[PDB]
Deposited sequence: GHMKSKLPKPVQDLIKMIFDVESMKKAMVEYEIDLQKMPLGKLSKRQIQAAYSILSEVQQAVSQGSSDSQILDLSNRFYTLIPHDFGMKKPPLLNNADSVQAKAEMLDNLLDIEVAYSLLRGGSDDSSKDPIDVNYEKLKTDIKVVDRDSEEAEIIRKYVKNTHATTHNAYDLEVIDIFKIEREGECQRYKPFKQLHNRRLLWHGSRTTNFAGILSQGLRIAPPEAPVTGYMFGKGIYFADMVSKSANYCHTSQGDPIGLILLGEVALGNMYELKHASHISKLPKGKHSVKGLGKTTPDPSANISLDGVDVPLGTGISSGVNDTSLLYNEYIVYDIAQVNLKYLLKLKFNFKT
């Protein structure tokens, strides 16, 4: 084949995210039986059916028996075969059960997209599959020069926002990509001048990124239990790189991860200290801010192409009795996010 003219870092990026073995590895991590539910059998309608049962389970939890909880638990495992042998799976009887399975199903929606891109489309042996797969993403991906101002700013953001309670590892930036998803700037237009636009982190596991690049960040579907998420069904962001880096789920067994920087239009924030499982905002609000005990120092704010970058070192917010150590930001309209960069990071585990 024609061997591909993309920069090496972009080629390695494409390789990372279309890797089928990594998809399978995520699936066995969630304890999915690949014999009964293989990658090629994953479907949106089965995932949705499973979210519905999970909603039924949330119901029965909110209103207190181990009798009835069993039936519902079993129905969930019927739709998403798990790896338990001649079994009796564990009972899904609490809110952690519901959170953990909802998060798993969210992930499967991204994995199904990646796999379906990989298996739809056309097969031409005279083309580099790196080029073929790049094209499937409908995203322009550039290498940001190590020496530019934007790279300096981004590297300072990484450097200053690593939380002390997340110090079992530290981070090196391997590559910085400037990314532009087709149509997304257009989607963003009504928000592009809202007040309180901010450049924020979103980390995810590398097997989500084909999904994220091809479809954007998305909100969980109507079947998903709103209770499965601390601030209900929106798109979540952090201002501390280490908070988002934790969602990469890297390890000694795989210490390379990916994390996004997005322009997020926050406008009038609804400030909350504790769980609130909503699907719509009260009138007048554009986002939720989960108030952290620690914040990047407000006076160290820098502007990048007109957007605030909260890269100050962590100081006390002053906020008293909060469920959150660090800030969280949630929007409930996909159109309020314009993805700007993708970082590839090395995690150095100090354990």
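Note: segments 1, 66 of the deposited sequence have no C-alpha coordinates in the structure.
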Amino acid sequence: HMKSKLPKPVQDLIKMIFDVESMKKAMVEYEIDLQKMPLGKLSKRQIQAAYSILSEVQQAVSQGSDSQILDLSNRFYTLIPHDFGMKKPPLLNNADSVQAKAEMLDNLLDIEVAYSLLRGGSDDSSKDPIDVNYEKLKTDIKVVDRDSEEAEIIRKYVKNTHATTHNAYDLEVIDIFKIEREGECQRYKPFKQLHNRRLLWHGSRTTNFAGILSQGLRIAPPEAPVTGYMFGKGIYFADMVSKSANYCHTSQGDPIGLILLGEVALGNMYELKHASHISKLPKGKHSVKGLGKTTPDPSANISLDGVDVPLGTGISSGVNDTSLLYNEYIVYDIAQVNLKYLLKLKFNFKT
From here on, numbers count along this sequence of modelled residues.
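Think of the rigid core as the biggest set of C-alphas that the two forms share within 1.5 Å after superposition.
Between 67 to 75 and 215 to 223, the larger root mean square Cα shift in 5 other deposited structures of this protein, once each structure is superposed on the rigid core, falls on 67 to 75.
With 141 to 149 and 273 to 281 as candidates, the stretch whose CA atoms show the greater average offset from this form in 5 other deposited structures of this protein after a core fit is 273 to 281. The mean C-alpha temperature factor is higher for 117 to 125 when 263 to 271 and 117 to 125 are set side by side. Note on 79 to 87 vs 246 to 254: mean CA B-factor is higher in 79 to 87.
Of the residues listed, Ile47, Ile315, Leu324, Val288, the entry assigns the biggest Cα temperature factor to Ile315.
The top Cα temperature factor in the record, among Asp145, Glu172, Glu223, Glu112, falls on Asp145. Looking at the C-alpha B-factors along this chain, the one for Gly40 belongs to the middle third.
Annotation for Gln99: CA B-factor lies in the middle third of the chain's modelled residues. Compared with the other modelled residues of the chain, the Cα B-factor recorded for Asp106 ranks in the lowest third. Per-chain ranking of the deposited C-alpha B factor places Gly292 in the lowest third. In the deposited entry, the Cα temperature factor of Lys233 places it in the lowest third of its chain's modelled residues.
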